[PDB]
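Chains as they are written, first to last, in the numbering used here: chain A, 10 to 154; chain B, 650 to 709; chain C, 355 to 417; chain D, 54 to 120; chain E, 8 to 87; chain F, 517 to 586; chain G, 10 to 152; chain H, 62 to 202; chain I, 46 to 251; chain J, 6 to 60.
Here the structure comes first, spelled out in structure tokens, and everything after it is commentary.
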Amino acid sequence: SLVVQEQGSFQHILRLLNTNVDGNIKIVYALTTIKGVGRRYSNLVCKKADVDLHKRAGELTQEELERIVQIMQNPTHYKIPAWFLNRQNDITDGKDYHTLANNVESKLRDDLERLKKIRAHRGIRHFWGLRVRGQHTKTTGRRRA
Amino acid sequence: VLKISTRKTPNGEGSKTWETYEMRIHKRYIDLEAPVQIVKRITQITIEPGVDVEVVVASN
Amino acid sequence: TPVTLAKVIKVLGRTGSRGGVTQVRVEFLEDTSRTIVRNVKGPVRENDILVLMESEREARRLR
Amino acid sequence: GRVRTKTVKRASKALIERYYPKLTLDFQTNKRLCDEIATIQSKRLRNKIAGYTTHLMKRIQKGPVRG
Amino acid sequence: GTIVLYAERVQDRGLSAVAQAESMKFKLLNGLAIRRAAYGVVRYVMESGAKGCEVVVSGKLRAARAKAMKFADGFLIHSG
Amino acid sequence: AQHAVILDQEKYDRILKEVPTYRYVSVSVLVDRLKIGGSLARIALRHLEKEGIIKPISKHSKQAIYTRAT
Amino acid sequence: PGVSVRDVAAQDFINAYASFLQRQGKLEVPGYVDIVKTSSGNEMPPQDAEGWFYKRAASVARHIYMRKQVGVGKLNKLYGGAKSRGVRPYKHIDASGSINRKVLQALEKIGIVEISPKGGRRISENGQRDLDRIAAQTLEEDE
Amino acid sequence: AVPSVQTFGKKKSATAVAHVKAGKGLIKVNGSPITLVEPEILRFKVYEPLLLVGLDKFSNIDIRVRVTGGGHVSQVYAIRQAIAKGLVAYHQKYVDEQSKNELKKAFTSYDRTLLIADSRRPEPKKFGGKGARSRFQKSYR
Amino acid sequence: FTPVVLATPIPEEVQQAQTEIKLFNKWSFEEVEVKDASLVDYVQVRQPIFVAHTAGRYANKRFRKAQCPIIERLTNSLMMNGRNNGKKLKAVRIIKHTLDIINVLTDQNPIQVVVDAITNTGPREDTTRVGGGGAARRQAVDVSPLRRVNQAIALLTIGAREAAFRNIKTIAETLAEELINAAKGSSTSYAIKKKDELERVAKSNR
Amino acid sequence: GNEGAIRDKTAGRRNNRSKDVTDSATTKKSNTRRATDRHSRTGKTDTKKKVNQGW
RNA sequence: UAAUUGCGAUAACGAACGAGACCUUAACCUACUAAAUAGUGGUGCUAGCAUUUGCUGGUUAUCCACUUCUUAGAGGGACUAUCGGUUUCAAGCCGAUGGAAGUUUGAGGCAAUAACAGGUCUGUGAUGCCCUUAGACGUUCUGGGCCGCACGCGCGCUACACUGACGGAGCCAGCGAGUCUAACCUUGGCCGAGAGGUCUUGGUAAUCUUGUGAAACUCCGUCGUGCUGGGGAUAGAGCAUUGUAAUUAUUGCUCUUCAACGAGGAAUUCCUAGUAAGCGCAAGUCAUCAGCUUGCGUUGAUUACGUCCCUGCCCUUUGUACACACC
Ligand SMILES: [Mg+2]
Ligand SMILES: [Mg+2]
Ligand SMILES: [Mg+2]
Ligand SMILES: [Mg+2]
Ligand SMILES: [Mg+2]
Ligand SMILES: [Mg+2]
Ligand SMILES: [Mg+2]
Ligand SMILES: [Mg+2]
Ligand SMILES: [Mg+2]
Ligand SMILES: [Mg+2]
Ligand SMILES: [Mg+2]
Ligand SMILES: [Mg+2]
Ligand SMILES: [Mg+2]
Ligand SMILES: [Mg+2]
Ligand SMILES: [Mg+2]
Ligand SMILES: [Mg+2]
Ligand SMILES: [Mg+2]
Ligand SMILES: [Mg+2]
Ligand SMILES: [Mg+2]
Ligand SMILES: [Mg+2]
Ligand SMILES: [Mg+2]
């Protein structure tokens, strides 16, 4: 592409969304160590934030980073589909969400309980430490818990 | 060539032998230009058990 | 190191219980007029050239 | 292994036994001879035959052959 | 009217497999001895100009254990 | 993570003075001189080719190859 | 001497036509571009991001030049690659019917391809023209 | 009509039909020049006939090939055979014999079966294994 | 070389070398000679080829395997370890690359270097597992030229593939590397070691 | 019912996991008789008159 | 010798079943009969690029001609031929040349006498005897179950990456299969990110789907050895398809979640050439579901061309008090 230069400008590692991100990695995949943001999601957001994907997580003007966080926690406003989203049609307020970071942990809990709390067989099945999507439990998964 | 591939066994025991029956279908067509007479003569006769004869007409 | 070249002059057969081993009489090139039988490890035909790593010593049977 | 069965060699015998004048060191014509002179049911078996009666022939030329 | 049936006696039954099976069947069913039934069927087949003919009878007669029998005369190739 | 993902001005200077005597240069070869990961490695190959030093005697993907200028 | 596009190798042509379709600015590029995946048998969107429509179009162009007529179903199938069904054996899968049909319409509104009788899309008489042109351009750089 | 012949080459299921008319020396496959072909690594495999017997030979003739079936290598090995079979078909009827036999000589000397098609062909698999020779897997007990 | 052109034209260096010499990718088959007695008759070179790809019936007869061009024998044995089974096309290019590499370093016909590394890793003798009574000793044996080549092609490629495993350097580089070191054996190479250590234990039981 | 199932302790993996495995699992084919295949158990036997009538 | 296949020795001579022959499939026919349901050249009608003629396409009949390619009939061909080594100069084997083909030409189909308490009464309106027969072991209807999970065994699938993953771009098979008293195979046009939907359409098929533009693979980029962009288990939330019915999640799509696995102990399977391995397809099943099978073509090796060491089985010889024959 081009031999670049820079000075002291870029700092290695940088923390956003309550997690930590390694600098010297191509910024797209850098963002992925945040919980709830796969390569696709990552890809689109920066495509939206107007960032040179060719860059690392290293450069990225402080401003640029902010906008990246911004779009990530409001996907429906910055024109990102909805079928792109980890949690459309909630089950309470019905809004479409994309849940991020330490929050995706919270929400797996919340659903799991919502089932258990209702005595739904799927839940019962969770509470028993089993496989729930109806796979055979005879031969597979023996190491486990 | 119609293939049919089945286990010889009525049941399950034995090395899994497989067996393929086949029925061979031969199809020919001959185009003629004739009047009505010869055609009806040439179709009624020429009858043969085993050969399926079929006469259509027209250019469409 | 004294290299020693010998040309296979006859194929005698397979010793070795396994049988990967072929009995062969060779004629060493540098001054002929003498012969010695060797045991081979690879596939061999007539007029091949074997590098006897020590010229004078031969075997017979194999188990 | 290409060892010729008895029906091959038995025919070869009988043929040489009674048609030595006619037949030659040439299979190609010994082939064609077999048609006119022998009844066989398959091309394969016939060349199989004449091929050997031609071989037999070819070394009767240099000494007898028992049988 | 679009379907027509005709009977037709058959040029010597002695060279029909099926003809003689049904004969045997009727022989053993009519309370005939066994070797009688077989050798009879074979000897009529042969007599009817056959090159060779073979009759197996399997199953069980009178004793409780199954047995089988080959009945053959003349010539048969078996292969190809 | 173990260094060779950026440019550190002295590094650029390394690349210019350190690529003679390399009868062989390529993506790998650049990584082997205790520097540049494969990404910026290819960039260098294009940009030493900007003018001088390396002659392109082999083509493509995976395998690159150059020699000292003459 | 005279020229076709058949006298030009696969990649050189398209990458020149891609640079052409880009250069021009007359195109029509749906709008879901960048945010879309090309096929359900894929993992990541195109890395050309701003582009690759020009890639496909020029590819779509060249293919429909090379022959009588083709449709969306065919281009879907063409452009399709393998889809790792995770831990299950690969199966060939058809690609997006939308990317193509819109690449078709775009190239058609720009008149490089028309509807065709029999079915599908045909290389436009104006396409032949403007295809053989840039093809000739490509051997002009090789002169 | 002008002087011409048609020939072919076959590797596996690929069949490479060729037309060797008299012309100003073109060499195109399906519709593109022979300097394309690609595979490419193998490109020289199909230049090969031209080279073995001198580039000149092709100036009084035109050359076309169209390969159906086969595969991304089967087709390269087919087309070359047809090309050289073709060239030696032409000297058969139009140039003199001795010319031809000199061509066949420097082909079959070098060769990769340029005149003669390869006998090889897939074997049927049999029940009991995913291949023709390969059996499945047993364990005894 | 007397240039000539017709309709669809044939590139310069292509027109060039071809009709003249019948050489490799673009390497010299002339010169290139086997620096060890024997091993000739079991290492080709002439008849000369353009690239190492051939539909060659080299199997149906015991020894005709020998008549296969040694460069394409080398490539052939590149294509394996299940995932790369078949894939001659893949390999062929790796060798093209390889030879180019080898050439760069210390010059020489890189095809001749291949010739050298081969002749230099074939064990002049080895050992088998003769019975002798349960606790089997090791009978020394002088190994065939063919097996001496076979083992070389196998030995060479392998320890280059193992080298090339799990690291940045390409198959082409390691192959070239393994060769160069083995052309005049420098005992820094996987193969020379295995050769010498085979002849070490061959000697150690005679 | 379903209220019982989740409420029931002594259920779910954690429990089974912490139990020893019977040895009847790792058993053999059991086989039981085969060395007695040819020796008829019927006690009965045929006889040479009956087989001679029938056959 | 693959073969009780032959040569030869010979109180045996000469024959039959089985092996071989035979049949089928894949290989060769510019020889033969042909073809708008296969295709080639010429001619028109016509587009583009060049223009000096040219180059590259369009046009189920605008006409002429042909059968190399495709198809399938009839024939032909190979018999291990020529020659030379080798051998009881016997049957044979081996090498070179030639050849479409020279390993039983490659692969199958068929396959004697005899044996087993092998498997199958759960394929049969084949069947003996036993059992049961109205609160049924008949039958149908509703719902669950065959999937149930501390764990042992077997066949597989995907992987541990740099001969690679990913992203564009090149772009190439063969065996198949398809709807009448019906809803099968589906081109094309639109709508949809996707799965899909919708409007039409060709085909009872060498005629249409389909050149099945299949996957490995090829090319130019991105990543750069980091459990990494290798790997994709587990799991959440949404959208669709089949079906009367999908919860214990039929299948399909999207986002997210991102495990074990760093080539695997003792052991053990399969294999000799278009084979192994890699790669995908069609067919069976099938309303819907292939990580299975039966076939198919694609890319295409390394190593034997030997032996009796292991294991398995044949053959003599020899022991037998066995003959229901060492259960
Ligand atoms: Mg994430
Ligand atoms: Mg399971
Ligand atoms: Mg017989
Ligand atoms: Mg037979
Ligand atoms: Mg693709
Ligand atoms: Mg594709
Ligand atoms: Mg794979
Ligand atoms: Mg023909
Ligand atoms: Mg030959
Ligand atoms: Mg039993
Ligand atoms: Mg039954
Ligand atoms: Mg079950
Ligand atoms: Mg099994
Ligand atoms: Mg790829
Ligand atoms: Mg929508
Ligand atoms: Mg209709
Ligand atoms: Mg990871
Ligand atoms: Mg992945
Ligand atoms: Mg299916
Ligand atoms: Mg099944
Ligand atoms: Mg006795």
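Backbone N, C-alpha and C define an ideal beta-carbon position, used for all residues, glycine too.
C-beta contact flag for residue i and residue j at 7 Å
i	j	result
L112/H	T64/I	yes
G396/C	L191/I	yes
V37/A	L53/A	no
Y63/G	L30/G	yes
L416/C	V175/I	yes
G21/E	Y46/E	no
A79/E	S65/E	no
Unbroken beta strand (DSSP E) run spanning residue i, endpoints
i	result
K71/H	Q67 to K72
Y99/G	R97 to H101
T172/I	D171 to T173
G66/E	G59 to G66
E123/G	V122 to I124
Enclosing alpha helix (DSSP H) for residue i [first to last residue]
i	result
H563/F	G554 to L564
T358/C	Run containing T358/C: none in the alpha helix (DSSP H); it sits in the beta strand (DSSP E), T358 to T369.
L109/A	Where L109/A is concerned, there is no enclosing alpha helix (DSSP H), given that its DSSP letter is neither H nor E.
Residue i Cβ short of 6 Å to ligand 2 heavy atom set
i	result
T149/A	yes
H145/A	yes
Residue i burial status per 10 Å Cβ neighbour count (16 or more: buried)
i	result
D524/F	exposed
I140/H	buried
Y87/I	buried
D123/H	buried
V158/I	buried
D241/I	exposed
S83/I	buried
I22/A	exposed
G50/G	buried
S115/A	exposed
Any non-hydrogen atom of ligand 5 within 6 Å of residue i CB
i	result
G90/G	yes
Residue i (DSSP reduced to helix, strand or coil)
i	result
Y26/G	helix
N70/I	coil
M76/E	strand
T164/I	helix
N660/B	coil
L124/A	helix
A77/H	strand
Residue i beta carbon near ligand 1 (any heavy atom closer than 6 Å)
i	result
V113/A	no
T41/A	yes
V17/G	no
Proximity test, residue i beta-carbon vs ligand 3 heavy atom, cut-off 6 Å
i	result
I84/E	yes
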